[PDB]
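Take a look at the structure below.
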Amino acid sequence: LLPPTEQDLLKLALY
Amino acid sequence: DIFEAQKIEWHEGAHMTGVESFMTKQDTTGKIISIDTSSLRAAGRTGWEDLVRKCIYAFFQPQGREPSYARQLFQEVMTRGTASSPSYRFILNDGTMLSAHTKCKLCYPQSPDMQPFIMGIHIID
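In structure tokens form, the structure reads like this:
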């Protein structure tokens, strides 16, 4: 699998 | 019934008093689709965002010559339906050393409109 990118994580916290 | 019993353990993981943790939901390609931090934010400790980021990065980081615990658990949870990591460590922004371990399970929802997903719980030691 792919690790989450910093933008993926950002989104996970934002929404 | 059997489907309902699947949700018991994860509802309990979201309201554990005295245990620092968060939960994740991954699709079956391994992509994290949600992160539940309600236990950390309720416990009023500041620095929870940094704790979660550092814990997740340590989870996905290669283990010397072996794959990351994230890879090992994802490979195992797809084949056998459940998996667990040993402890891994990470350093908060204030320099504190912490450790954590992860457990996860494949969940088969009753609704035909949903796909199977992987629930993960990450517990601070």
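Chains as they are written, first to last, in PDB author numbering: chain C, 1 to 15; chain A, 241 to 365.
Ideal placement from N, C-alpha and C gives every residue a C-beta, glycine not left out.
- Residues of chain C with a Cβ closer than 8 Å to the Cβ of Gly284(A) do not exist; the shortest Cβ-Cβ separation is about 18 Å.
- For the segment 253-323 of chain A, the full-length alpha helix (DSSP H) segments reaching 4 residues or more read 278-282, 288-300 and 309-320 along the chain.
- In this structure, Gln315(A) sits away from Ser308(A), with a CB-CB distance that is not shorter than 8 Å.
- Taken atom to atom, the span from the alpha-carbon of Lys271(A) to that of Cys347(A) is near 15 Å.
- Looking only at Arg293(A), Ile242(A), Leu332(A) and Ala245(A), the smallest Cα-Cα distance to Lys11(C) is reached by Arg293(A).
- At a cut-off of 8 Å, the C-beta of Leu14(C) has no neighbouring C-beta in chain A.
- By the neighbour-count criterion, in which 16 or more other beta carbons inside 10 Å mark a residue as buried, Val259(A) falls on the exposed side.
- Residue pairing by DSSP places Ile248(A) in no beta bridge whatsoever.
- Residue environment analysis places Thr336(A) among the exposed positions, since fewer than 16 neighbouring C-beta atoms fall within 10 angstroms of its C-beta.
- Flagged as an interface residue toward chain C: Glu289(A), by a C-beta distance shorter than 8 Å.
- DSSP places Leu338(A) in the uninterrupted beta strand (DSSP E) bounded by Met337 to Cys347.
- Annotated as proximal: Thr322(A) and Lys345(A), with beta-carbon spacing under 8 Å.
- For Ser274(A), the chain C residues whose C-beta falls within less than 8 Å of its own C-beta are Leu12, listed in chain order.
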